[PDB]
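To be precise, the following lines are final-v9.tsv, and they hold TSV, C-alpha atoms.
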```
chain	number	residue	atom	x	y	z
D	1311	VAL	CA	15.35	1.84	9.75
D	1312	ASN	CA	16.04	-0.69	7.00
D	1313	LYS	CA	19.81	-0.35	7.63
D	1314	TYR	CA	20.22	-2.96	10.34
D	1315	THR	CA	23.70	-4.01	9.22
D	1316	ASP	CA	24.72	-0.40	9.78
D	1317	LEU	CA	23.02	-0.58	13.17
D	1318	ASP	CA	25.16	-3.61	14.03
D	1319	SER	CA	28.34	-1.85	12.90
D	1320	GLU	CA	27.43	1.25	14.91
D	1321	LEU	CA	26.76	-0.86	17.99
D	1322	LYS	CA	30.15	-2.55	17.66
D	1323	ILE	CA	31.66	0.93	17.45
D	1324	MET	CA	29.94	1.58	20.77
D	1325	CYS	CA	31.40	-1.70	22.06
D	1326	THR	CA	34.91	-0.53	21.18
D	1327	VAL	CA	35.08	1.27	24.55
D	1328	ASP	CA	35.59	-2.30	25.81
D	1329	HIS	CA	32.51	-2.96	27.95
D	1330	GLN	CA	30.53	-6.20	28.30
D	1331	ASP	CA	33.25	-8.46	26.94
D	1332	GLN	CA	32.39	-10.44	23.77
D	1333	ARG	CA	29.53	-8.02	23.04
D	1334	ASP	CA	27.18	-10.58	21.48
D	1335	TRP	CA	24.16	-9.21	23.36
D	1336	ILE	CA	23.70	-6.47	20.76
D	1337	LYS	CA	22.33	-9.04	18.33
D	1338	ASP	CA	19.29	-9.35	20.58
D	1339	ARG	CA	18.78	-5.61	20.73
D	1340	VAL	CA	19.01	-5.51	16.95
D	1341	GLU	CA	16.09	-7.86	16.56
D	1342	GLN	CA	14.17	-6.00	19.22
D	1343	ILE	CA	14.72	-2.73	17.40
D	1344	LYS	CA	13.57	-4.38	14.19
D	1345	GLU	CA	10.38	-5.33	15.94
D	1346	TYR	CA	9.69	-1.82	17.13
D	1347	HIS	CA	10.20	-0.46	13.64
D	1348	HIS	CA	8.17	-3.22	12.05
D	1349	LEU	CA	5.55	-2.70	14.72
D	1350	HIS	CA	5.25	0.94	13.79
D	1351	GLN	CA	5.01	0.03	10.12
D	1352	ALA	CA	2.06	-2.22	10.85
D	1353	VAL	CA	0.48	0.77	12.58
D	1354	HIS	CA	0.78	2.81	9.41
D	1355	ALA	CA	-0.60	-0.05	7.35
D	1356	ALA	CA	-3.64	-0.23	9.58
D	1357	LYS	CA	-4.56	3.38	8.94
D	1358	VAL	CA	-4.17	2.87	5.22
D	1359	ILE	CA	-6.46	-0.13	5.35
D	1360	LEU	CA	-9.05	1.92	7.19
D	1361	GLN	CA	-8.76	4.57	4.52
D	1362	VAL	CA	-9.22	1.93	1.86
D	1363	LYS	CA	-12.33	0.83	3.70
D	1364	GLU	CA	-13.87	4.27	3.38
D	1365	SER	CA	-12.46	4.69	-0.13
D	1366	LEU	CA	-13.80	1.45	-1.59
D	1367	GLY	CA	-16.85	1.18	0.67
D	1368	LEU	CA	-16.32	-2.08	2.53
D	1369	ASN	CA	-18.54	-3.24	5.39
D	1370	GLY	CA	-16.56	-6.03	7.09
D	1371	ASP	CA	-15.67	-4.89	10.59
D	1372	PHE	CA	-11.96	-4.17	11.11
D	1373	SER	CA	-12.14	-3.11	14.73
D	1374	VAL	CA	-9.23	-5.38	15.74
D	1375	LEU	CA	-6.80	-3.11	13.88
D	1376	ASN	CA	-7.76	-0.35	16.31
D	1377	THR	CA	-5.52	-2.20	18.77
D	1378	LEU	CA	-2.48	-0.90	16.93
D	1379	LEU	CA	-4.03	2.56	16.74
D	1380	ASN	CA	-4.71	2.22	20.46
D	1381	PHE	CA	-0.96	2.03	20.87
D	1382	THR	CA	-0.35	4.90	18.45
D	1383	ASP	CA	-2.69	7.29	20.28
D	1384	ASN	CA	-1.53	6.48	23.81
D	1385	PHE	CA	2.05	6.66	22.57
D	1386	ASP	CA	3.01	8.87	25.50
D	1387	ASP	CA	2.17	6.66	28.47
D	1388	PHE	CA	3.12	3.45	26.67
D	1389	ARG	CA	6.50	4.98	25.82
D	1390	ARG	CA	7.58	4.70	29.46
D	1391	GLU	CA	8.15	0.97	28.83
D	1392	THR	CA	11.12	-1.03	27.52
D	1393	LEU	CA	11.62	-2.98	24.30
D	1394	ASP	CA	10.47	-6.33	25.73
D	1395	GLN	CA	7.68	-5.15	28.06
D	1396	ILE	CA	5.57	-3.93	25.13
D	1397	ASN	CA	2.81	-6.56	25.02
D	1398	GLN	CA	1.79	-9.72	23.14
D	1399	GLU	CA	-1.28	-8.20	21.46
D	1400	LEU	CA	0.94	-5.89	19.42
D	1401	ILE	CA	3.08	-8.91	18.57
D	1402	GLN	CA	-0.02	-10.68	17.28
D	1403	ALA	CA	-0.98	-7.62	15.24
D	1404	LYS	CA	2.49	-7.81	13.72
D	1405	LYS	CA	1.79	-11.48	12.99
D	1406	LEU	CA	-1.33	-10.54	11.03
D	1407	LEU	CA	0.26	-7.85	8.84
D	1408	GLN	CA	3.61	-9.62	8.37
D	1409	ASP	CA	3.12	-9.92	4.60
D	1410	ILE	CA	2.85	-6.15	3.97
D	1411	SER	CA	5.86	-4.01	3.04
D	1412	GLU	CA	6.14	-0.27	2.52
D	1413	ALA	CA	5.57	-0.74	-1.22
D	1414	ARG	CA	2.27	-2.50	-0.57
D	1415	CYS	CA	1.32	0.25	1.86
D	1416	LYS	CA	2.06	2.73	-0.91
D	1417	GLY	CA	-0.12	0.87	-3.38
D	1418	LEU	CA	-2.93	0.90	-0.86
D	1419	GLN	CA	-2.36	4.63	-0.39
D	1420	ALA	CA	-2.57	5.19	-4.14
D	1421	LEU	CA	-5.94	3.47	-3.95
D	1422	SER	CA	-7.31	5.22	-0.85
D	1423	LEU	CA	-7.51	8.89	-1.85
D	1424	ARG	CA	-8.97	7.91	-5.24
D	1425	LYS	CA	-12.59	7.29	-4.28
D	1426	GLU	CA	-13.92	9.27	-7.24
D	1427	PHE	CA	-11.87	7.13	-9.63
D	1428	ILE	CA	-13.13	3.94	-7.99
D	1429	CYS	CA	-16.69	5.16	-8.49
D	1430	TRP	CA	-16.34	6.26	-12.10
D	1431	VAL	CA	-14.58	2.99	-12.96
D	1432	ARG	CA	-17.23	0.87	-11.24
D	1433	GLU	CA	-20.02	2.73	-13.02
D	1434	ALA	CA	-18.49	2.80	-16.51
D	1435	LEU	CA	-17.09	-0.73	-16.82
D	1436	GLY	CA	-18.15	-3.01	-13.96
D	1437	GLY	CA	-16.33	-5.77	-15.82
D	1438	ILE	CA	-12.66	-5.71	-16.82
D	1439	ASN	CA	-13.71	-7.08	-20.20
D	1440	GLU	CA	-15.34	-3.75	-21.00
D	1441	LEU	CA	-11.97	-2.16	-20.34
D	1442	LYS	CA	-10.73	-3.46	-23.67
D	1443	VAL	CA	-13.47	-1.61	-25.52
D	1444	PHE	CA	-12.86	1.54	-23.54
D	1445	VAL	CA	-9.17	1.36	-24.34
D	1446	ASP	CA	-9.88	1.48	-28.05
D	1447	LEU	CA	-11.80	4.71	-27.75
D	1448	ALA	CA	-9.05	6.17	-25.59
D	1449	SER	CA	-6.55	5.56	-28.36
D	1450	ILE	CA	-8.55	7.85	-30.64
D	1451	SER	CA	-8.44	10.62	-28.02
D	1452	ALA	CA	-4.74	10.66	-27.11
D	1453	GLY	CA	-3.07	12.96	-29.65
D	1454	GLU	CA	-0.07	10.96	-30.90
D	1455	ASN	CA	2.23	12.56	-28.33
D	1456	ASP	CA	3.94	10.11	-26.02
D	1457	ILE	CA	2.42	11.17	-22.69
D	1458	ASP	CA	-1.07	11.34	-24.18
D	1459	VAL	CA	-0.90	7.91	-25.79
D	1460	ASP	CA	0.79	6.46	-22.71
D	1461	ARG	CA	-2.13	7.59	-20.56
D	1462	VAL	CA	-4.08	4.78	-22.21
D	1463	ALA	CA	-1.55	2.09	-21.34
D	1464	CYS	CA	-1.16	3.47	-17.82
D	1465	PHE	CA	-4.91	3.25	-17.23
D	1466	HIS	CA	-5.17	-0.20	-18.80
D	1467	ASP	CA	-2.38	-1.62	-16.65
D	1468	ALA	CA	-3.70	0.06	-13.51
D	1469	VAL	CA	-7.20	-1.34	-13.90
D	1470	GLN	CA	-5.94	-4.76	-14.99
D	1471	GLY	CA	-3.81	-4.97	-11.86
D	1472	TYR	CA	-6.11	-3.31	-9.33
D	1473	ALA	CA	-9.04	-5.42	-10.51
D	1474	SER	CA	-10.13	-7.47	-7.50
D	1475	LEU	CA	-10.47	-4.38	-5.33
D	1476	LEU	CA	-12.15	-2.12	-7.88
D	1477	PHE	CA	-14.71	-4.44	-9.47
D	1478	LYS	CA	-15.49	-7.75	-7.77
D	1479	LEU	CA	-15.01	-6.86	-4.09
D	1480	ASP	CA	-17.98	-7.73	-1.90
D	1481	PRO	CA	-18.86	-4.93	0.57
D	1482	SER	CA	-19.11	-7.58	3.31
D	1483	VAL	CA	-15.51	-8.71	2.74
D	1484	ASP	CA	-13.96	-9.55	6.11
D	1485	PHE	CA	-10.34	-9.33	7.22
D	1486	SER	CA	-8.95	-12.49	5.61
D	1487	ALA	CA	-11.05	-12.18	2.46
D	1488	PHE	CA	-9.53	-8.74	2.08
D	1489	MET	CA	-6.10	-10.28	2.53
D	1490	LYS	CA	-6.71	-12.67	-0.35
D	1491	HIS	CA	-8.06	-10.02	-2.69
D	1492	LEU	CA	-4.86	-8.33	-1.54
D	1493	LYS	CA	-2.61	-11.27	-2.39
D	1494	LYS	CA	-3.63	-10.92	-6.01
D	1495	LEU	CA	-2.60	-7.26	-6.06
D	1496	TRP	CA	0.48	-8.35	-4.13
D	1497	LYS	CA	1.58	-10.66	-6.92
D	1498	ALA	CA	0.77	-7.95	-9.44
D	1499	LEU	CA	2.90	-5.35	-7.67
D	1500	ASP	CA	5.64	-7.96	-7.51
D	1501	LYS	CA	5.39	-8.26	-11.29
D	1502	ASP	CA	5.25	-4.46	-11.74
D	1503	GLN	CA	6.87	-1.90	-9.44
D	1504	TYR	CA	5.17	1.20	-10.90
D	1505	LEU	CA	1.54	0.06	-10.77
D	1506	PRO	CA	0.65	2.38	-7.84
D	1507	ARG	CA	2.09	5.36	-9.66
D	1508	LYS	CA	0.18	4.36	-12.78
D	1509	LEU	CA	-3.01	4.23	-10.72
D	1510	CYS	CA	-2.30	7.71	-9.37
D	1511	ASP	CA	-1.59	9.04	-12.86
D	1512	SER	CA	-4.82	7.54	-14.18
D	1513	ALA	CA	-6.81	9.04	-11.32
D	1514	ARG	CA	-5.27	12.48	-11.82
D	1515	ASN	CA	-6.38	12.50	-15.49
D	1516	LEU	CA	-9.95	11.50	-14.64
D	1517	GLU	CA	-11.50	14.25	-16.76
D	1518	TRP	CA	-10.05	12.84	-19.98
D	1519	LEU	CA	-11.15	9.33	-19.03
D	1520	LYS	CA	-14.67	10.67	-18.55
D	1521	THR	CA	-14.52	12.55	-21.86
D	1522	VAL	CA	-13.62	9.30	-23.61
D	1523	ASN	CA	-17.07	7.75	-23.31
D	1524	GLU	CA	-19.15	10.54	-24.84
D	1525	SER	CA	-17.01	12.54	-27.28
D	1526	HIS	CA	-13.68	10.95	-28.26
D	1527	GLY	CA	-15.44	7.84	-29.57
D	1528	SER	CA	-15.51	8.56	-33.29
D	1529	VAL	CA	-13.81	11.67	-34.69
D	1530	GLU	CA	-10.60	9.67	-35.13
D	1531	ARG	CA	-7.70	12.09	-34.47
D	1532	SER	CA	-6.15	12.71	-37.84
D	1533	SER	CA	-2.46	13.62	-37.65
D	1534	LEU	CA	-0.75	10.79	-39.56
D	1535	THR	CA	-3.91	10.15	-41.57
```

Mind turning the file's structure into structure tokens?
Amino acid sequence: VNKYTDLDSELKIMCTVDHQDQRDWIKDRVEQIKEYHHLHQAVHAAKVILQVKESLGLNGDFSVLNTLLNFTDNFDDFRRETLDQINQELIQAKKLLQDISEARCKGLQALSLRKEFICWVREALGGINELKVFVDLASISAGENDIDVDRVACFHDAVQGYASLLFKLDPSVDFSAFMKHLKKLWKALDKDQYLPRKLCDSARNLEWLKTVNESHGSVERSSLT
């Protein structure tokens, strides 16, 4: 997986036994194997999207994705087939999810399990503009140590990037509307490779983020002062 040039080399090594002269046919199998792997990746993406649905609280029906899960559950009887006899519905499901890579699946994962963080963020801010105010109070709380101060920047960047999903999303968002709210996060992850990990780090330190609002607001940590 993801080493298809190595696959081609290996298959030529298999050719060395001198069968099927000129051995070009393997190029076709290579693409077919790519499809199977990419097909399975779309399957994983589908589950993550379903988890995001329950995590964020969408309402738009996403029953069509079940098609891929329908393959994943009946993996045993379907596996009696070949590489080309798979079906065209799975091909079309690949067509839909073509623009998702494993990194985007990982961002979505970072979002899924963090329902509590989604809720606390939606209740506290509701508008990314308020984030700026919240960030100021967080700076008072940190403690002048690098990890503590950096928590603030990690949270700021996470919320600034994951904004469309967290704040403005409409519960009735359908498939394609979700894909566009996704394209914004897509461009953001393209600009920053660590944004999912920042989201996870922010969500793990939820208790401090909560503490910010009530207590940390004023006392003005006083180490260099």

(message) What does the structure give for the distance between CA of residue 1482 (chain D) and CA of residue 1359 (chain D), in Å to one decimal?
(response)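 Separation between CA of residue 1482 (chain D) and CA of residue 1359 (chain D): 14.8 Å.
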
(request) Choose the residue, out of D:1507, D:1432, D:1478, D:1497, that has the smallest atom-to-atom separation from residue 1461 (chain D); count all atoms listed in the file. (result)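 Closest to residue 1461 (chain D), using all atoms listed in the file: D:1507.
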
(message) When you count only C-alpha atoms, which of these residues is closest to residue 1500 (chain D): D:1320, D:1410, D:1332, D:1397?
(response) D:1410

(request) Just the residues within 9 Å of region 1361-1374 of chain D, please, counting all atoms listed in the file, with nothing from its chain fewer than 6 positions along; format it as a list in words. (result)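 Near region 1361-1374 of chain D, the qualifying residues are residues 1403, 1418, 1419, 1421, 1422, 1423, 1424, 1425, 1426, 1428, 1429, 1475, 1476, 1479, 1480, 1481, 1482, 1483, 1484 and 1485 of chain D.
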
(message) Given only C-alpha atoms as the basis, pick out the residue of D:1477, D:1509, D:1520, D:1353 nearest to residue 1383 (chain D).
(response) D:1353

(message) Quick one: residues within 12 Å of residue 1409 (chain D), all atoms listed in the file, excluding same-chain residues fewer than 4 positions away - as number ranges by chain?
(response) D: 1348, 1351-1352, 1355, 1403-1405, 1413-1415, 1489-1490, 1492-1493, 1496-1497

(message) Restricting the calculation to only C-alpha atoms: of D:1523, D:1512, D:1330, D:1535, which residue gets closest to residue 1457 (chain D)?
(response) D:1512

(request) Within 12 Å of (-2.3, 8.7, -26.6) (coordinates as in the file), grab all the protein and nucleic acid residues, counting all atoms listed in the file, and write them out as a ChimeraX atom specification. (result) /D:1445-1465,1518-1519,1522,1526,1530-1531

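For the pair CA of residue 1513 (chain D) and CA of residue 1360 (chain D), the interatomic distance is 20.0 Å.
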
(request) Counting all atoms listed in the file, figure out which residue out of D:1468, D:1499, D:1343, D:1505 gets nearest to residue 1427 (chain D). (result) D:1468

(request) Excluding region 1385-1395 of chain D and any residue of its chain fewer than 4 positions from it, enumerate the residues within 12 Å of it, using only C-alpha atoms, and give them as number ranges by chain. (result) D: 1338-1347, 1349-1350, 1353, 1378-1381, 1399-1401

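Here CA of residue 1504 (chain D) stands at a distance of 11.0 Å from CA of residue 1420 (chain D).
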
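Nearest to residue 1430 (chain D) of all the residues D:1503, D:1382, D:1411, D:1521 is D:1521, counting only C-alpha atoms.
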
Build an axis-aligned box that encloses every atom of region 1471-1480 of chain D listed in the file, pad it by 3 Å on each side, and report its centre and edge lengths in Å to one decimal, as JSON.
```
{"center_x": -10.9, "center_y": -4.9, "center_z": -6.9, "size_x": 20.2, "size_y": 11.6, "size_z": 16.0}
```
